[PDB]
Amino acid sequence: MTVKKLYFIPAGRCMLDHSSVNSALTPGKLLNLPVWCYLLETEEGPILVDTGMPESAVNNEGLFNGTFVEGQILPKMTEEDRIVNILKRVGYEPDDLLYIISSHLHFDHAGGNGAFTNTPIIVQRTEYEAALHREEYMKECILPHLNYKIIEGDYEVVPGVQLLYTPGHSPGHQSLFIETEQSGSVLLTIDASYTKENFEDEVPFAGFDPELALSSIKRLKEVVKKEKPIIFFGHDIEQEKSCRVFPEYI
């Protein structure tokens, strides 16, 4: 069985130093990177992958002033980029969603999680437990009373929607392998590779455990050899130019 439609939905942007996309680069040039969420229309109902940035980021590029990442990360988020507003424009309210899938709990991927207080939020155990104590996690991304559906390892959410455990960039990062009616096999690496060169050329990039990130890239490459999917990376300015985005779908 296949997903009916896979939508790429812009959810604001984020400035990062270029050394975060290629660890060999000299710090000092910021890159204005895309932030994405994905909407899957399935037989069982709509599924949202990631939830954008927290409300604290709205019109607040200096959000991380005074923290260990001051000047390194600057969110570019307007009121329109709040996930609830994105969803309402698309045609949904939070309680309409079948599942939320959190690729991981970094601030640009889980900042909107608090909006979903009934929908099960599928997240890896190792990610959830990291978010409880590691300093790179915002409180907005680990709210205590949401309906978490904690999983361990690879997982089938519904037919056509597979989660691949790809730790390294974060302790419980997961990627998506989706089968769509229009396109067949699609791999969303999410932050298992920010850019094409992180994936193809194994160019190192920001992560909790680069050695583990590399092993997850090698694992994805084995999947790619078998399945020959179309592949989309987490924060790739070049690829963004050619991506079909909402209202188009793949």
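The first residue of the sequence shown is number 1, and the count goes up from there.
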Averaging C-alpha B-factors over each stretch, which comes out higher, 9-17 or 232-240?
232-240
Averaging CA B factors per stretch from the PDB record, which one is higher: 126-134 or 148-156?
126-134
Per the entry, which of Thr67, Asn32, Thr51, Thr189 tops the list for Cα B factor?
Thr67
Reading the B-factor column of the entry, which of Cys37, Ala57, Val224, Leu40 has the highest value at its C-alpha atom?
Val224
Please place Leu63 in the lowest, middle or highest third of its chain according to the CA B-factor in the PDB entry.
highest
Please place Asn85 in the lowest, middle or highest third of its chain according to the CA B-factor in the PDB entry.
middle
Lowest, middle or highest third: where is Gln72 by C-alpha B factor in its chain?
highest
Ordered by C-alpha B-factor within the chain, which third holds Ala213? Give me lowest, middle or highest, please.
middle
Cα B factor band for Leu220 (lowest, middle or highest third within the chain)
middle
